[PDB]
Each structure stands twice: as structure tokens, then as C-alpha cells.
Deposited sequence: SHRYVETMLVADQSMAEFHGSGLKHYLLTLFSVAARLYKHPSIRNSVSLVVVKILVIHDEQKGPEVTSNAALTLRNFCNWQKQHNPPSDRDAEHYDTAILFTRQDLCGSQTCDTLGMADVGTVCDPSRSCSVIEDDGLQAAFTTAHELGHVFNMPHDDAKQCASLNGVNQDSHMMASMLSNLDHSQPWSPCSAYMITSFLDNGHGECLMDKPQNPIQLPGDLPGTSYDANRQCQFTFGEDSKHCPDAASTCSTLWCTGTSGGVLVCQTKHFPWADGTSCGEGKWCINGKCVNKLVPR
């Protein structure tokens, strides 16, 4: 049966300052891509990510302490989100999960290549059902879905428990090329299924009361290549000077993080990017 992941989205002061008025549309744009990934048939389940609440923190002290140490930020965030959840799921703004988004670059013990953070198997535990996402651009939509994967009991696809069943899927242990034709591995598929068959989706059974509408356009529609570049490299960056790799300014100096342009991104009159390819908007 149908599962509804009622979610609170939280943005820290770094996000408020960076994004200004456009902040809530941007989080919703992230979450809508993540919501799509969870509807892909390879998850082999019926999962609906819905937003019941959004908090923006304009003053550090009114939110959790966000530090570059990712494990500690997650823990800070988890503690802090408790107080803002209504007790019973009868309440409309009661959430099953909470996600923090920050511009601060998050770090492990060893490098600052951390992109997000969550514990495994926590989705209906109100005090552990959280994630922190570093916002380095639109690709943070896939970070959002990966970490939500942890929350749903998915291990990384190199875990020994995944040997029997399966680097190119959502739950890769490191950033690599996603297979957009099959986002979730057989392992991810099984580990979420097991979890729900074991009864751990219980708080996901109730439908949301007037959820915050997610954008139904493509992320490239709201955000053109210059915007995309700015989300990654700061407001002074523009598109370089197509689709497969987004290059951005920094002797013309240009830089990339190797991601394609967001789907729906204008690549000329009557054409737009779809899975790394520039194609006519009108399809046959």
C-alpha cells in the first residue's frame, strides 16, 4: 500500500542569506526532483514525499548550531527539530522526517568531501528521523534522496549485505555516475521493502492535510544555466563562456563539478536539456 513521507524542510542562515526571497522555491525545487526519484519504478514501492512544513532560520540562535563537522551538525539538528514537531500525526504540520539544508561545506574526519548526512533506519523515530544536506547546487536533490535512502534503511550498494543482489545507483558509497534509467539498485529496492514488510513504515500511512504544492515544471525551467552556475560557484559566476557538463566562470577561467545541466534547461530556441542531452521541447 501507499506510503506518504511527511517532511519538514529547514534552511539555515547561510541559505537565507545566499538565496534571499527565492529560498523556498529553491528547496521545493530540490525536493520535487527527489520526490520524482522516489516514484521511479526501480524503488519497487509506492513512496510519496510530501512537504508539510518549512522553517527558515534567519538567526543562528533560533536554529541548531551548524558547523563544518557533519556528524555534529546532524546531531545538533536532530535534537533541535524535536521541539518543532507536534506530538500526534493528526496535526496537519506534524512531520515524519526533517531535512536541513546548509551552504556550509560539511566534512568527515578526513576530508570535506561530505555532501550530506543521516543515520540508517530512522524514518518513524521522531528524534532520529533527520538529514543534513550541503547545498552546492541543484545536484543536492540527489543528495537529498540518498540521505533519505539511509533514513529508509538503505545501506550503500557496496555493503556486504548487497553482494547477493547487485557503484552506478543512488546508494553508491561515493559520488559516481548515476544510471538515470535505473536509479535504485536491487539492494536498495530490497532493503526498503524488508523494512516496510517488517512494519517500520507505520507513521507513513496517513495522508497529509493541505501539503505545500511542489513545482511540477522541470528544474531547468525555474533555473537557467547562469542560475545553476551561481548555485554552485557563488553569485559572481555565470554560465561558460552543451547539457552534458555545466561549465561556469571563475584569460577566461572556467570551472565545473562534472554535473550535467538540470533537466529542462534552455539550450537554444525550442530545445532543452534532458538527461544530459539537448533535445527539442516538443516530443513525438
- Note on the structure: Comparing deposited sequence to modelled residues, the uncovered ranges are 167 to 170, 246 to 249, 259 to 262, 297
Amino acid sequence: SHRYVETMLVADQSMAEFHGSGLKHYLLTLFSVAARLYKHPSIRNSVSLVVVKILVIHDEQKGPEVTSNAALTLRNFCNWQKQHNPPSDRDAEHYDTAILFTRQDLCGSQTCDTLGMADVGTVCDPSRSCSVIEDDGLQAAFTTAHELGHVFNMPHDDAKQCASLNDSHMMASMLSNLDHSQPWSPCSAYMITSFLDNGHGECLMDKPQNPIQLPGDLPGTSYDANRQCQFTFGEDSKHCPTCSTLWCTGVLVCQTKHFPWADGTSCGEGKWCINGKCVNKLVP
From here on, numbers count along this sequence of modelled residues.
- Message: Where both flanking residues are modelled in the other PDB entries compared, is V251 itself missing in a third or more?
- Response: yes
- Third-or-more of other entries without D136: no
- Query: Taking the recorded C-alpha temperature factors, which stretch has the higher mean, 103 to 111 or 133 to 141?
  - Reply: 103 to 111
- Message: So, looking at the entry's B-factor column for Cα atoms, which has the higher mean, 208 to 216 or 93 to 101?
- Response: 208 to 216
- Reading the B-factor column for Cα atoms of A34, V56, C254, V52, the highest value belongs to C254
- Note on the structure: Reading the B-factor column for Cα atoms of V151, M117, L72, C187, the highest value belongs to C187
- Query: Should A262 be placed in the lowest, middle or highest third of its chain by the C-alpha B factor in the entry?
  - Reply: middle
- Modelled-residue ranking by C-alpha temperature factor, third containing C78: lowest
- In terms of its chain's C-alpha B-factors, the third that includes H200 is the middle
- Task: Divide the modelled residues of the chain into thirds by Cα B-factor and specify which third, lowest, middle or highest, holds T221.
- Result: highest
- Place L28 in the lowest, middle or highest third of its chain's C-alpha B-factors, as listed in the PDB entry. lowest
